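Structure first, then comments.
Numbers restart at 1 for each chain; the letters A, B, ... are given by sequence-line order, proteins then strands. All ligand and atom numbering here is 1-based and tracks the order in the structure.
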Amino acid sequence: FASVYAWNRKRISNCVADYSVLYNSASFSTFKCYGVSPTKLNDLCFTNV
Amino acid sequence: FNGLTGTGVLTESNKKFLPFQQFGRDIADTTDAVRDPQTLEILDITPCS
Amino acid sequence: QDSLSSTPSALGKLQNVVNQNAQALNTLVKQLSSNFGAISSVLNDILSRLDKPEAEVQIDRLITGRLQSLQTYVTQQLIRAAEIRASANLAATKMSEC
Ligand SMILES: *[C@@H]1O[C@H](CO)[C@@H](O)[C@H](O)[C@H]1NC(C)=O
């Protein structure tokens, strides 16, 4: 992983995004969403991520 | 339609959409026509009586 | 007959009433495109993204703005209606006396 001052960015496009595999995971200590509910992500479409 | 939700009657449109155009808009900023993401058919959206 | 058929402004008084009413409705409808501080002007886009407590905050902003827009419309219509009533009363008087 990158240092925070030199953070990495990856563009994601043209694909199917399953967000429930991440949200329903027991391995993450923090999972916070803004401007959107974490339980509605699978019903949405975006231009880029 | 690709995350665009609403209620209404869908019919074949006579609107001459250009190949790059995906949907039409009214003055109320609502969608009144869409291109179907699978058939690329243009449909008119009319509110239910 | 010849004057009316060649004078575009002859019936301006009646056209002005039609134009003012059409303008008022167009304004009222266009206000539905305003966010009023919300993330979106479209209720369906808010409801499809946010959960109840978050959606309610955004919806309240739209209700406040849209209610104000509608109150403005009605007030203006009441004022214009009073003007038209006065005109109609004058027309009725002229019908009787002229
Ligand atoms: C998939 O979408 C393409 C257009 O992008 C269309 O030509 C094709 O027929 C669709 N396939 C199915 C099974 O609908």
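- Distance check for atom 9 (O) of ligand 1: every protein heavy atom is found at 4.0 Å or beyond.
- Not a single protein heavy atom sits closer than 4.0 Å to atom 12 (C) of ligand 1.
- Proximity of a side-chain donor or acceptor of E41(B) to a complementary backbone N or O of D36(B) within less than 3.5 Å is not detected.
- Near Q38(B), with a cut-off below 4.0 Å to any heavy atom, the atoms of ligand 1 are 2 (O), 3 (C), 4 (C), 6 (C), 14 (O).
- Contact record, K40(A) with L50(C): CE-O, 3.3 Å, taken as the closest heavy-atom pair.
- Contact record, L62(C) with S34(C): CD2-O, 3.8 Å, taken as the closest heavy-atom pair.
- For the pairing with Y19(A), the side chain to side chain contact (heavy atoms under 4.5 Å, CB included) check across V36(A), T39(A), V49(A) returns one residue only, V49(A).
- In terms of protein heavy atoms, atom 5 (O) of ligand 1 is closest to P37(B) O, 4.3 Å.
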